[PDB]
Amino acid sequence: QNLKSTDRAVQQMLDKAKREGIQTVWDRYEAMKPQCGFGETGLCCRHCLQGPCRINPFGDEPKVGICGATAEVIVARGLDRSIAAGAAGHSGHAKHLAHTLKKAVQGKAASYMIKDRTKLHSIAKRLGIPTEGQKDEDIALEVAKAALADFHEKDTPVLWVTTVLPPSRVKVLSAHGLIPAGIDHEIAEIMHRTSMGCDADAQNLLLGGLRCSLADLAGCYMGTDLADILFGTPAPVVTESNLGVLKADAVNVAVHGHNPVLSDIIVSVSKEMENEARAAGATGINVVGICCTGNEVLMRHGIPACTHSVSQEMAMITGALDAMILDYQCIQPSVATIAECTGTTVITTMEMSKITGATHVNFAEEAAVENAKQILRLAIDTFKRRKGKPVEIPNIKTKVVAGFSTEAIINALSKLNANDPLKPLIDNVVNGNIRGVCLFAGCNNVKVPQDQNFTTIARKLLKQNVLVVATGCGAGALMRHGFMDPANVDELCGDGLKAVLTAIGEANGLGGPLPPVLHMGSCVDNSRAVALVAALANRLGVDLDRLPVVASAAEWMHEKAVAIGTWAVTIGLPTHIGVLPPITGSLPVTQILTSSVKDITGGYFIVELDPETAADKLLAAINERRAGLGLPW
C-alpha cells in the first residue's frame, strides 16, 4: 500500500477497504490501465462531431485532424480549455463570495458580516475606492460591486490583476496583450477561439491561455480578499492533521469542497449544538476538514485537517465519519457510493454541484443558520445509528502550526524591524541564510504515490536553506508528514534557514521557531503567495522574474491547478510540474511552455517526474536567480 500512498493512516485504511471489498480511487486507476496514449500526449480532439480525431505521436496516418488541425493546434486548444475550466472554478468561487458580501451589507443575510474592517479598507484603497467619510457597508458594497464588475468588459481591465501585481510586471504583460479584460469574458473567448475552425496558431492560442490564466489569478485573489473581509484574515494557529483527528465518541462532521461561505457557518453553529449532540450520546460535534474548505477553516479557526485530495475516501472507511458536507470542486463522486457501505451521510449544498445518491440540502445565505442546523441534525441522527459499533480510526496525527496569511508573515517579520518588515527577510536572502522561496501548490494525483513528490522535494530544499510556503493539497501533504510542526525544524532545516525561523519565532514570543513550512492557506490563497512575492519585488525594486522564487505543483491534477501553474509562469516564476500534462504530443508547444515563454514573461515550466531531480532543477532555477542579482549561491 506504500506504492499507493506514503501516508501511514491512508495505508491502514487501504487495508480495511481491501478486506471489506470497497473499491478505491487506486483500484479504479488500476482498472483504467493502460490509459490512452493519444489522450496522455494531448493528440486527441473532440471539438466537433466530425471527431473524434487523433494524431499518431510517431509513424503513419493519422497525422492531422479532419479539419486540418495540426498536432500543435490540437495540443494548444486542449490546454487552453483546461485553463479556462480552472479559471471558471476559481472565479465561480469568488463570484459566490462577492454576492454573499453584497447580501450581507444590504441586510439580506444576517449570518454574514464585515469581520475584517482593516482588510476591507486596505482593499478599497488598493482599488481606488474612497474610504474617508464612508460607512463600512457603503465601502463594502462598492468593493463587492467592483468584484462583480471584473467579470465582464468595462472601462478598466480586471483590477484584481492590475492592482495586485508590481507595475513593472503589469507593463510587461500589457506589452504582450496579456491583461484580462473581464474574467468570464476571457473564459468565453477561450471556448470560442478553441472551437472548430477558429484560432489555429499555437503561439496565438497559448498567448490567449496565458491571459486566461491571469483571469484565474484574479479569481483567486478576489476569493481570498472577500473571504478575509467576511470571515477574518488568518493569523498563526495550532491544530492537528490526519485521520486520527476523528473521534469515535463524537459526531464527526467533515466539511469538504472549496467555498467556506457555508463551512464557516457550520463551524460556528456546531458550537451552538454541542448539547443536542450530547443528548444523543456523543461528546460533542467534531468538525474536521477535507481539501480546501478544510484549509479555509483550519487557517481561520484551527479546525483540524482530516485528509486531502486523492485519499478523501479513506476518512469514510474508518466507519466514524457521520457526515460529509460538500460544496463544490475536487469531491470524488465515488463518496456517494462508498457512503452506502460506511454509513456516512453525504450532503450536497450547491445547486450546480449535486451527486446522484447524496442527500441535497439547499443552502441559502439568507437561511444559513437554519440550513446548518438541518445538516448537523442529519449528522447527529447518523451518529446515533452507529452508537455501540466498532470503528477503525488510525491513531496517527501530526501537530500543525498554520495561519500564515501574508499579513501574518509581515506582522511576524515586523517584530524584527517594525518600520521595514520585509527587510529582515531580504537581508537573509542576500546573506545566504535563505537561499530562496519555493511555493508548493496543487493537488495529489493517483499517478504519484501520495505525498512522495512533495515531501521528497521539500526535504532537499529545506536542507539547502530554502524558505518553503505551501497551499492546498501541497500544504495538506506537508502538514500530514510533520512539516508544519516546529519540533521538526532541527531535523529538517538547514542551519541558515533554522536561524531565521528561530529568530522570527522567538521574536514573536514563542520560545521556539516558526514551523519548517509556512501554511499559506487554500488554493485560492495561492494569491497570498503572490501578494508576498509582489511585496518583496516592490521592496527590492525588481520584477518577479528577478526574484529567487520558484513554484512546484509537484503532484497536480485539477484544471484549477493547470490554471495556477500557468499564471505562476505568466507572472514570472520558474514553475515545476510533477505530472505530465497533455503536451508531449507537440514539440513546438512543449518548447514554448518550457523555454521560449521565458522571453515573454520570464517564467517557464520545469517538467520533471523524478522528485529528486525536480529538487535539483528547482535549486538550479533559484540559484540562477541569485546569480542574476549578483548574490553568492
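Start at 1 with the first residue shown and count on from there.
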Item checked: Segment of higher mean CA temperature factor, 399-407 or 107-115 -> 107-115
Notebook entry, point to check: Averaged over C-alpha atoms, is the B-factor higher for 276-284 or for 454-462 in this PDB entry?
Noted result: 276-284
Check: Hey, out of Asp525, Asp420, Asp199, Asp80, whose CA B-factor is highest in the deposited coordinates?
Finding: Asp420
Next item on the list: Check the PDB entry and point out which of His519, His558, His93, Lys135 has the largest C-alpha temperature factor.
Entry: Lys135
Note to self: Where does the C-alpha B-factor of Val25 rank in its chain, lowest, middle or highest third?
What the structure shows: lowest
Next item on the list: Report the third (lowest, middle or highest) to which the CA temperature factor of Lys125 belongs, ranking only the modelled residues of the same chain.
Entry: highest
Margin query: Sorting by Cα B-factor within the chain, modelled residues only, which third would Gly257 end up in: lowest, middle or highest?
Written below: middle
Checklist line | For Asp485, the third of its chain into which the C-alpha B factor falls | finding: middle
Check: Which third of the chain does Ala315 land in by C-alpha B-factor: lowest, middle or highest?
Finding: middle
